[PDB]
Amino acid sequence: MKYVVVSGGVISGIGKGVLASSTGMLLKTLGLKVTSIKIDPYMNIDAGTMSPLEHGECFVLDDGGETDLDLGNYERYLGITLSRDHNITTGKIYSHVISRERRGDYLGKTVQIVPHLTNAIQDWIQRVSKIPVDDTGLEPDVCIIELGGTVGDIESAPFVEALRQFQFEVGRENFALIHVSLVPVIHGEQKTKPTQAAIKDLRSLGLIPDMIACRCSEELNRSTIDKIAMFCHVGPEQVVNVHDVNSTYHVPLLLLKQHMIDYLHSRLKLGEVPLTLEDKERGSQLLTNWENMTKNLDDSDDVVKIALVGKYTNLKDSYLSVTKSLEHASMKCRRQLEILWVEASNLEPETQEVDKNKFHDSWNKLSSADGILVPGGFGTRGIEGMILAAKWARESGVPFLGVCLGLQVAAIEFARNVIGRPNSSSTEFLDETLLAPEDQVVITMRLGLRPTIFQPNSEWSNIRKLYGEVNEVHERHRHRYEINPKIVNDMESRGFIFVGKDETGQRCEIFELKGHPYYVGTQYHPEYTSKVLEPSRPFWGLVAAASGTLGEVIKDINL
Amino acid sequence: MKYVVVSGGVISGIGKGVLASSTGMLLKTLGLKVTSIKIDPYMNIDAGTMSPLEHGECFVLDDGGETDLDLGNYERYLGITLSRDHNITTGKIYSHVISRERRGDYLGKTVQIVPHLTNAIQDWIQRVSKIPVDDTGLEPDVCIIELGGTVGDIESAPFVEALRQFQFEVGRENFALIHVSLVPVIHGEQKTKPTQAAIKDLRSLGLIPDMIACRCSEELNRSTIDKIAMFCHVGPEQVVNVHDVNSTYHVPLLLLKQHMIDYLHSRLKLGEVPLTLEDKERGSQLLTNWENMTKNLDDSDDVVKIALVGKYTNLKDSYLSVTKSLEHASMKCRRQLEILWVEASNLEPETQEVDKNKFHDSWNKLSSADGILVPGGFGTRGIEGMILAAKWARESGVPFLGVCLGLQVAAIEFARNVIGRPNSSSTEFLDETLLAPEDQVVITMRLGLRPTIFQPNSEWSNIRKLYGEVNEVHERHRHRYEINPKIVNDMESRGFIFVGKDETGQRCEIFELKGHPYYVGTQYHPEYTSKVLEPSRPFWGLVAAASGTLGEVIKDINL
Amino acid sequence: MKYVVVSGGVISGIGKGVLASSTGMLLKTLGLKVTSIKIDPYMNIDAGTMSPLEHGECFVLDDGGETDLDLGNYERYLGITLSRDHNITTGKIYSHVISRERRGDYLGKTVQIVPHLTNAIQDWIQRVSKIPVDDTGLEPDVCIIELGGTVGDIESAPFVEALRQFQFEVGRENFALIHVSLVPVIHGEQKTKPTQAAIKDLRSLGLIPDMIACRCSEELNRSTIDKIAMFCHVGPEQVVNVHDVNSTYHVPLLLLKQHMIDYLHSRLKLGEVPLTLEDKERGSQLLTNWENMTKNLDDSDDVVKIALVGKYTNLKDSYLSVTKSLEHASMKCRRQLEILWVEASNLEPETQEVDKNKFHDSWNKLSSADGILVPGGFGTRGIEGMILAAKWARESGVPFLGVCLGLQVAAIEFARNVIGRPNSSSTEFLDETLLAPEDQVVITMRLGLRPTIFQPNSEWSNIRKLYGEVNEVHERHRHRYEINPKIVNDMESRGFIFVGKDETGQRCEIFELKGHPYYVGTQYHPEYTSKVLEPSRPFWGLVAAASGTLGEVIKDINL
Ligand SMILES: Nc1ccn([C@@H]2O[C@H](COP(=O)(O)OP(=O)(O)OP(=O)(O)O)[C@@H](O)[C@H]2O)c(=O)n1
Ligand SMILES: Nc1ccn([C@@H]2O[C@H](COP(=O)(O)OP(=O)(O)OP(=O)(O)O)[C@@H](O)[C@H]2O)c(=O)n1
Ligand SMILES: Nc1ccn([C@@H]2O[C@H](COP(=O)(O)OP(=O)(O)OP(=O)(O)O)[C@@H](O)[C@H]2O)c(=O)n1
Ligand SMILES: Nc1ccn([C@@H]2O[C@H](COP(=O)(O)OP(=O)(O)OP(=O)(O)O)[C@@H](O)[C@H]2O)c(=O)n1
Ligand SMILES: Nc1ccn([C@@H]2O[C@H](COP(=O)(O)OP(=O)(O)OP(=O)(O)O)[C@@H](O)[C@H]2O)c(=O)n1
């Protein structure tokens with residue numbers, strides 16, 4: 001079990017996620033069974049009790065664990081599934097030993113943070129990194145660790161001590177540390193001194209960097225490479241840069257041109273770790289696939305505007321897996337995405353009493369859209385606005401995808417306008433109204449992986465064709481409220497077919513609407529299962545409908 | 001003797017000189033007899049043995065001491081003259097105690113950096129800060145100290161220890177520390193953490209900041225003011241910012257609007273320090289004069305292009321007192337300066353054999369110039385180029401000022417073209433030629449203040465009118481070579497009058513040429529004696545000739 | 001050129017000199033041509049301008065350089081001669097680059113402590129360590145460096161940075177660092193935490209210890225070895241202890257039983273450094289000689305009391321080379337030394353007017369003495385007291401040795417009592433008296449190595465027999481005043497033969513007195529040339545006379 005620990009920096013908010021994930025992807029092109037751990041110095045146990053106003057999406061694993069946003073970046077780049085234990089936090093590990101303490105398992109000793117926490121942190125990393133994360137049951141070869149926070153922090157203190165001991169308990173030639181660092185440029189001069197003071201506080205804590213990765217407003221001068229390397233000892237070929245470039249998917253290609261694989265292959269002796277010719281052939285495949293899809297990102301110019309309809313769209317972090325999944329679809333289509341960020345709070349005509357500009361700006365964006373998407377956040381405040389976007393797409397042929405709250409507002413729109421019961425509602429919005437047509441009932445949330453089965457009369461359905469005509473699908477959920485099962489037989493008689501259901505038949509999970517080019521929704525979140533090199537099928541469909549060639553996409557999938 | 005010590009930062013190259021000088025100017029508007037010290041952690045004894053390729057101008061005091069560039073900024077803002085002891089350096093203070101040691105003055109003790117250097121540093125600061133620096137013989141009231149380097153540096157180590165002891169040996173309420181700091185902005189967020197880590201290394205060394213001054217790419221958020229103040233303890237009204245604004249002369253006005261006088265008046269009890277009504281009236285005069293001249297800088301738009309002819313003009317730092325003195329002239333004229341940086345190495349027709357573009361670009365700039373200036377650096381390599389600019393100005397009515405090497409190349413041009421001896425030369429360039437017309441002889445440099453006397457037939461001369469028709473002038477020199485005294489009587493018979501001379505008559509120090517609008521030179525450097533609120537008379541003349549109204553300038557001076 | 005750098009600690013005053021010298025002796029038993037450098041963070045240039053009240057003896061090299069006491073410990077253990085450049089100091093290296101600066105040799109650059117001092121320190125160590133120090137002209141193999149002060153000190157700051165760079169400029173496997181550290185024991189528990197905090201400040205400065213040497217009130221617990229090694233990373237076999245034992249000459253044998261040679265032989269690859277079978281045979285000889293002489297120190301019990309007569313004998317550090325040379329003599333004689341510390345300020349009868357006890361206590365000690373020694377410090381205040389000890393030894397058969405001031409007071413005693421001129425005097429005490437019998441004249445000091453030649457009528461003389469009957473001797477001097485050459489022919493006619501002289505015959509350097517068992521003096525200091533395994537001949541004589549068997553010593557020398 002080799003380790004690469006990404007770490008460091010003078011500002012927490014600099015460059016670790018993009019680098020760690022890119023390191024993991026690069027090491028995956030060696031054919032190594034790479035795995036990945038996040039260390040979050042924050043106290044939260046798991047993400048379900050924290051709102052999207054901080055650290056973005058409430059991301060979900062096959063385990064059903066609401067987890068840190070940064071796990072999603074490892075899944076979507078590495079092509080792996082992570083267990084809820086691959087996110088380590090301050091309150092997780094303190095809750096762990098305090099649970100073990102009240103259980104009596106410390107045999108009456110005084111429990112001291114050294115060695116006790118620094119043993120729990122090491123034992124957790126050594127448990128977790130052996131867990132299988134691939135399509136096959138084999139244990140991993142190399143673990144990337146993102147140390148969140150900065151080295152030299154009250155809260156990352158037990159984690160840096162635990163890593164200091166771990167660097168000896170699993171030796172040199174089996175552990176390597178990469179430190180991300182700021183290199184400010186002021187008056188056009190690349191001032192190294194913050195990445196010298198931050199290496200005093202690094203070496204004080206006994207960790208030793210084998211690579212320095214810079215974030216800077218420029219490429220590094222040969223002078224500032226030497227000025228880092230002579231003070232903060234690494235070779236001249238072990239300082240690397242992650243400068244501003246318009247594509248995050250090119251950061252693996254920068255680091256490979258800076259020879260980072262050739263250094264880590266030497267520094268972790270990776271040629272001695274056993275691999276087959278098939279592993280090495282999958283390794284060169286992962287590289288050449290990533291080069292070809294980035295060549296498509298380079299030479300593509302034919303824009304496709306997707307309108308993404310929701311709340312808090314000024315905090316663009318709130319829809320990160322949506323945004324990345326749309327880009328995975330757009331790259332597979334060889335077409336340049338733009339996302340129009342559309343405020344559902346503005347589409348409502350009530351906006352026109354308060355500010356006309358917001359109304360017409362939102363409808364300008366929606367009118368411009370080659371496809372529409374209601375991806376669903378949390379809370380009720382924008383539901384009328386999303387019904388307007390569900391209407392516009394139905395009455396105007398515009399492609400549509402309703403994820404989670406998107407199913408519920410698309411069925412509420414269909415009930416309000418095509419069944420024609422003007423009172424029909426989301427029970428989470430309007431429980432006090434006690435309707436017959438409640439388009440929502442509570443069934444405290446169905447979370448993580450579940451099997452979805454298609455209803456037999458569906459060989460005509462494009463959405464099941466995008467899933468390859470298979471009988472069953474496995475995807476990740478978040479829903480407390482669901483479609484009302486009594487209303488289904490009415491909606492299907494109007495052509496709003498619920499193409500996918502739970503095996504019990506009481507819970508309805510996919511629709512596709514007859515005669516419309518492409519109008520779909522999913523009760524599961526298809527964002528979370530997207531991979532960069534193999535995109536999520538409802539999102540590939542939406543961008544393919546917005547692009548044209550949806551038939552050719554389906555034909556190619558059917559081969 | 002109160003002290004304000006400017007200090008600090010995470011990068012040496014951030015903001016101390018602009019802030020320290022502005023603090024000193026502001027405290028001068030209280031009517032306090034402000035003085036100023038530079039601490040340079042570099043080893044050089046004094047600047048005469050370091051070339052302009054590093055830290056710029058070889059600046060000169062009334063003492064004749066070649067000293068750090070940063071002394072010039074205190075002189076030109078504060079309106080004071082500094083002794084060569086107001087620049088403290090590592091090799092000055094180590095050479096001082098080692099001189100005292102070999103003299104036997106430590107009574108056979110083992111000389112240890114604590115306390116011995118840290119006593120010498122404190123004794124030097126307490127000697128120096130009492131030295132009179134004004135138009136009157138009174139001792140100073142407040143000393144600004146610029147600690148050069150950063151707190152937390154191998155070489156600023158004895159200086160921070162010496163200040164740590166000094167903060168107790170002259171107490172709180174008589175010493176205050178201002179720390180300059182970086183506040184990076186990354187992804188549009190003002191990341192405080194470098195100004196937290198750098199305050200651990202500050203407080204470790206026992207110093208305590210009473211003000212934090214930021215350099216940042218923006219104004220400070222109210223959030224980042226509170227985030228500094230809660231970690232690095234100062235009040236919310238004691239964090240201040242020195243953001244990018246197009247004028248350095250506005251930095252005193254920023255700091256006054258941020259109430260920095262109201263804090264230092266309280267924190268150094270400055271209301272108890274004895275002052276007269278006349279001192280307070282001079283105090284409000286210094287403020288209102290600085291506001292009115294900056295109002296002129298604000299509402300002025302009529303450009304005046306000065307071509308400054310020399311070498312190494314890509315290192316624009318090399319002519320700093322020239323540049324600032326031209327701006328002191330331009331502000332007094334209410335006219336917006338541009339300096340055309342003109343390469344003498346390009347004006348030469350030999351350039352046209354190597355690159356035509358450089359030639360025509362240099363002559364384009366020179367042709368555009370409302371006035372020309374040969375300010376004189378060091379070494380011979382551009383002398384032919386400067387003779388071409390001395391010719392162009394003479395044959396084309398363009399105003400001219402030849403400082404030091406400017407006199408020598410203007411007299412060499414006059415000898416070559418108006419006397420018409422084509423071989424006449426600078427002996428420093430062409431000593432091997434052994435001419436009769438050597439326009440240069442060695443007289444190892446006449447340095448610092450000397451008296452200049454005007455030749456009696458000079459009531460017609462504009463340059464003596466700009467000096468107020470007085471018999472004598474006191475200015476600062478640097479010259480090893482001078483005009484040949486035997487050639488003078490010939491040049492004067494042609495109308496190149498040497499309007500100013502040494503009292504011995506063998507050394508010729510000013511010329512003015514008959515019939516030309518304004519063609520002058522000075523063997524002394526007039527840059528070094530310029531003040532911001534009272535500009536240097538040859539430079540006020542050059543910008544007044546380039547502007548027009550030179551007669552009105554002379555009339556106003558003659559009142 | 002391998003390096004071993006001794007360093008470190010939480011208190012400056014702990015254990016470095018005893019360890020460094022013992023390391024050097026041990027590595028000398030490999031047959032390596034070991035050399036040695038002292039780094040003194042104090043500012044003094046050289047020791048002649050510091051008095052014995054601090055850091056003890058004003059020790060002297062063959063170069064004639066008055067140097068730090070600690071050089072003497074390397075000479076007397078390693079059997080080598082050091083140049084005055086093998087002592088590096090803060091004011092030496094700052095005076096060096098400032099000399100190079102005023103000479104112009106930095107080509108006009110701004111001289112900055114990094115890299116400039118940190119290059120001078122590295123260049124000095126690389127010049128110095130190649131200087132031949134043996135009986136043969138070959139360059140050294142391994143350099144011991146004692147870093148004086150502690151790592152983490154304002155004044156040792158350029159030296160720790162210079163070593164940090166040097167550890168890379170001469171790599172790992174060619175440099176190794178040993179850190180001395182305190183391990184306090186409190187309430188009977190060996191508290192490691194000072195040797196953890198001091199290793200944060202070590203690793204912060206980028207140095208990395210390969211050995212930890214402890215000073216502690218006990219042997220180290222196996223628990224505190226593991227508690228150091230797990231925090232301050234070294235193996236369990238790389239923590240070593242230098243506990244209190246009654247003999248400093250056993251510290252090499254402790255460190256060899258703790259396998260320190262076996263670690264440094266591996267860690268510096270010393271088996272690859274080229275040596276002959278003769279070098280290895282001299283290596284095992286140095287070990288077995290040191291074991292046999294320490295076996296003599298172990299089984300010896302027959303006391304020999306030497307009375308050492310002087311000033312400031314409460315600062316026992318003031319006579320260190322005397323004390324060590326007497327022990328080198330005593331070990332060669334297989335006899336247990338005691339030194340009676342005798343106050344010359346008390347032997348004087350004037351003491352009996354102020355305190356009778358001091359008088360009778362001093363004469364009790366002097367009466368008890370098996371031999372007397374006037375070794376000579378500095379200043380005149382005790383000269384009458386030393387004349388009393390010169391008298392007592394002459395009139396009572398007690399063996400005597402007068403070094404430097406000892407010759408002068410023994411000749412002053414002889415002139416006062418055996419020639420019988422009661423006024424005869426030291427001119428340094430009584431210059432105003434203008435005598436005919438001035439027993440002292442100025443000839444500003446004859447320093448370092450000089451040739452001494454024996455007067456031809458000397459085959460009877462025991463002192464020349466102890467020097468092996470050779471015509472000439474080479475020894476180290478310090479004298480400003482000397483014997484008056486006109487008085488010599490009178491003293492010799494009375495049997496006070498000046499057995500040794502300068503080749504010019506005007507300067508008289510050794511005496512031996514007829515008929516007395518052993519009454520000698522030397523104008524040179526024989527202390528400074530003493531080796532542990534080959535003792536200084538006048539001191540071997542004094543302890544042999546005090547022991548008996550002086551004839552057998554002479555017989556054994558004459559083989
Ligand atoms: N492989 C990656 C890595 C990062 N990002 C983007 O970059 C942001 C996070 O940057 P990251 O590289 O993770 O650094 P930070 O999160 O700023 O800080 P850290 O060093 O702790 O990761 C996210 O909003 C994400 O959209 C991305 O799109 N793809
Ligand atoms: N002395 C301190 C201060 C803060 N933190 C940690 O800092 C983390 C936040 O990181 P970052 O955003 O990088 O620090 P901020 O204080 O927000 O500063 P900035 O404004 O630069 O983000 C928190 O988890 C907190 O535990 C720490 O370990 N030690
Ligand atoms: N009152 C001032 C101060 C600075 N400058 C300009 O700013 C530069 C120096 O900036 P300064 O404020 O002195 O900071 P630094 O020198 O960069 O660093 P330090 O903090 O050590 O001063 C000079 O080239 C000078 O032209 C100026 O014109 N007027
Ligand atoms: N550990 C160190 C390293 C450097 N210096 C000092 O740093 C000063 C140079 O300051 P600055 O330019 O701020 O440092 P640089 O090393 O040049 O780094 P940068 O590239 O950020 O300027 C020198 O006088 C040198 O004595 C120091 O005191 N301690
Ligand atoms: N080989 C040695 C070493 C030391 N000493 C004695 O120990 C004292 C000095 O101890 P040392 O080991 O040099 O440590 P310190 O000088 O206390 O401190 P440092 O670690 O700087 O050497 C001297 O007075 C000396 O008499 C000795 O006799 N023989």
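Residues numbered from 1 in each chain as written, not as in the entry; some residues may be left out. Chains lettered and ligands numbered in written order. Part of a larger assembly, values for the part shown. Heavy atoms only, no water.

Structure determination for this entry, per the PDB record, employed cryo-EM and reached 3.8 Å resolution.

(A) Fine view of the site of ligand 4. If you check the shell around ligand 4, you find 13 residues, and the closest are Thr192(A), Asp153(B), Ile154(B), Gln112(C) and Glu161(C). The site occupied by ligand 4 is bordered by residues of chains A, B and C. Between ligand 4 and the protein, one listed contact pairs an oxygen atom with a backbone N or O atom of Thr192(A) at 2.7 Å. Contact with the protein chains covers 83% of the free accessible surface of ligand 4, which is 590 Å². Residues that form the shell around ligand 4 fall into these classes: 4 nonpolar, 4 polar and 5 charged. (Near = heavy atom within 4 Å. Polar contact = N/O pair within 3.5 Å; in protein donor to acceptor, adjacent residues only side chain to side chain. Areas by Shrake-Rupley, 256 points an atom, 1.4 Å probe, with all protein chains shown as cover. Nonpolar A, V, L, I, M, F, W, Y, C, P; charged D, E, K, R; others polar.)

(B) View of the interface of chain C and chain B. Counting residues at the interface gives 32 residues for chain C and 32 residues for chain B. For the pair chain C and chain B, the summed buried area comes to about 3,000 Å², and 55% of that belongs to carbon and sulfur atoms. Three residues, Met43(C), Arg102(C) and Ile154(C), lead the burial of chain C against chain B; their summed loss comes to 24% of the area buried on that side. The tally of links between chain C and chain B comes to 2 salt bridges. Between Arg102(B) and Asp46(C) there is a salt bridge, with the nearest N and O atoms lying 2.9 Å from each other. The interface formed by chain C and chain B includes 21 residue pairs in polar contact. Broken down by secondary-structure element, the contributors of at least two residues to the side of chain C that touches chain B are α3 (90-102) and α5 (157-169) of chain C. (Contact = heavy atoms within 4.5 Å. Buried area = accessible area lost by both parts, 1.4 Å probe. Salt bridge = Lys/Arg side-chain N within 4 Å of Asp/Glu carboxyl O. Helix = DSSP H or I, 4+ residues; strand = E, 2+ residues; numbered from the N terminus.)

(C) How the structure looks around the relation of the copies chain B and chain A. Between chain B and chain A, which share one sequence, the superposing operator has a rotation angle of 180 degrees and an axial displacement of 0.0 Å; the RMSD is 0.0 Å. Here the two chains are linked by the operation of a two-fold rotation axis. When C-alpha positions in chain B are compared against the rotation axis, the closest is assigned to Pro194(B), at 3.5 Å. Most of the interface of chain B is mirrored in chain A, where 100% of its interface residues are also at the interface. (Least-squares fit on C-alpha atoms.)

(D) Structural detail: the domain arrangement of chain A. Residues and elements named next belong to chain A. Under the domain assignment used here, chain A contains domain 1 (2-290) and domain 2 (295-558). Distance between the C-alpha centres of domain 1 and domain 2: 35 Å. With 25 residues of domain 1 at the contact, the number on the domain 2 side is 23 residues. Between domain 1 and domain 2, roughly 2,100 Å² of surface is buried when both sides are summed, and carbon and sulfur atoms account for 62% of that area. Looking at the side of domain 1 facing domain 2, the largest losses of area belong to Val60, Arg76 and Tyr249, adding up to 32% of the total buried there. The interface formed by domain 1 and domain 2 contains 2 salt bridges. Ionic pairing is found between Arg476 and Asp62, a salt bridge with its closest N-O pair at 2.8 Å. With 5 residues, helix α2 (residues 69-78) is the single largest residue contributor to the side of domain 1 that touches domain 2. A class-by-class count of the residues in the side of domain 1 that touches domain 2 yields 11 nonpolar, 9 polar and 5 charged. (Domains from an automatic or database assignment.)

(E) The arrangement of the pairing of strand β19 (residues 508-513) of chain C in detail. Residues and elements named next belong to chain C. The buried fraction of β19 is high, at 6 of 6 residues. Pairing geometry for strand β18 (residues 496-501) and β19, over 4 bridges, is antiparallel. Within β19, the residue paired with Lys501 across the bridge is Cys508. Adjacent in sequence and paired antiparallel, β18 and β19 are bridged by 6 residues, among which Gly505 carries a positive phi angle near 75 degrees. The pairing of β19 with strand β20 (residues 519-522) spans 3 bridges and is antiparallel. Of the residues in β20, the one forming a bridge with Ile510 is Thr522. (Buried < 20%, exposed > 50% of the residue type's maximum accessible area, 1.4 Å probe, protein only. Pairing = 2+ DSSP bridges.)

(F) Focus on the environment of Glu469(A). All names here are of chain A. Relative to the helices and strands, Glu469 is located in the loop between α17 (462-466) and β16 (472-479). Sequence-wise, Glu469 and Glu534 are 65 residues apart; in three dimensions their C-alpha atoms are separated by 17 Å. Setting aside chain neighbours within four positions, we find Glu469 in contact with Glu459, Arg464 and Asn558. Within the structure, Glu469 has its side chain in polar contact with the side chain of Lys465 (distance 2.8 Å).

(G) Local environment of the interface of chain B and chain A. Taken together, the contact pairs 18 residues of chain B with 18 residues of chain A. Summing both sides of the interface, chain B and chain A together bury roughly 1,400 Å²; the carbon and sulfur share of this comes to 61%. Sorting the residues of chain B by area buried against chain A places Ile11(B), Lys191(B) and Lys193(B) first, and these three jointly supply 31% of that buried surface. The residue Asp153(A) makes a salt bridge to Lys193(B) at a minimum N-O spacing of 2.5 Å. Connecting chain B to chain A are 4 residue pairs in polar contact. It is helix α6 (residues 194-204) of chain B that provides the largest number of residues to the side of chain B that touches chain A, a total of 3 residues.

(H) Highlighting the site of ligand 2. Taken together, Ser12(A), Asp153(A), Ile154(A), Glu155(A), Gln190(B), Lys191(B), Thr192(B), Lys193(B), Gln196(B) and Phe231(B) make up the full set of residues adjacent to ligand 2. Surrounding ligand 2 is a set of residues that belongs to chains A and B. The side chain of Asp153(A) places a nitrogen or oxygen atom 3.3 Å from an oxygen atom of ligand 2. In the environment of ligand 2, an oxygen atom lies 2.9 Å from a nitrogen or oxygen atom belonging to the backbone of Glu155(A). The protein chains hide 69% of the 600 Å² of surface that ligand 2 would expose on its own.

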